[PDB]
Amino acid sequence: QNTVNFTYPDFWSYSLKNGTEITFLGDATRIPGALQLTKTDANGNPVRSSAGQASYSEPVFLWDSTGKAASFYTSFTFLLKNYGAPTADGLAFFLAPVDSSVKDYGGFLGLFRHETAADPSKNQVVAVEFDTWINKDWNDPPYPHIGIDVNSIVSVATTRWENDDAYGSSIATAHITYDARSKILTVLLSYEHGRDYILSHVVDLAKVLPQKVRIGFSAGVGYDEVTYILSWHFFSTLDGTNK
């Protein structure tokens, strides 16, 4: 079939072989209960200048020449543990070509290399970033933000992420949806007894990504932080695109 549907309610079954279900790249490791994205020393304390990626092993069908295009929805809970405020650099949910890998650390979030990050013609990646650091270089807005990145680290759209959420170290739940008929990407971020964050933008994936992609989480530090992914669900559907 052309669609995907998986659900990991938690990651307490930390025993599967790298590359069978989830592939860990760079400094991303599987620990009991979580996908850890960047490096920590013996005490779980975050190491500076590190990048890692945890991505689903099977290729994910996005679109085909015949007009079939997948709509999708992914939800995940994560803990961006902070060791002070502010911290750097954040994490990202992404869709990239199957052959790609982790790139630069820090503000590039393991997704871009320094020399081509602001060039949309040299990159093929769509990402939803949870950026804890204002890099003026890449035109980050003057606060922690959530952003939608299309082929570049300069977001096509961002919304404010409050300091206390961004550096508060609480578990957060994210829902990211893509409607393939209207070409809309929506991000919803919720904190249990807190506020929600909404960011939606029109982006046609068929025009920016190959027909089949790898999906996953990418992180880049920075300092005083480490992101843990606690659960992951993904569902894609061809509904409404003639199949």
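We number the residues from 1 along the sequence you see.
- As the entry records it, the average C-alpha temperature factor is higher for 36-44, out of 36-44 and 187-195.
- Stretches compared: 136-144, 159-167. Higher mean C-alpha B-factor in the entry: 136-144.
- Per-chain ranking of the deposited C-alpha B factor places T66 in the highest third.
- In the deposited entry, the Cα temperature factor of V221 sits in the bottom third of values across the chain's modelled residues.
- Per the deposited record, the Cα B-factor of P59 falls in the highest third when ranked against the other modelled residues of its chain.
- Annotation for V208: C-alpha temperature factor in the highest third relative to the rest of the modelled chain, per the entry.
- The deposited CA B-factor of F24 belongs to the middle third of values across its chain.
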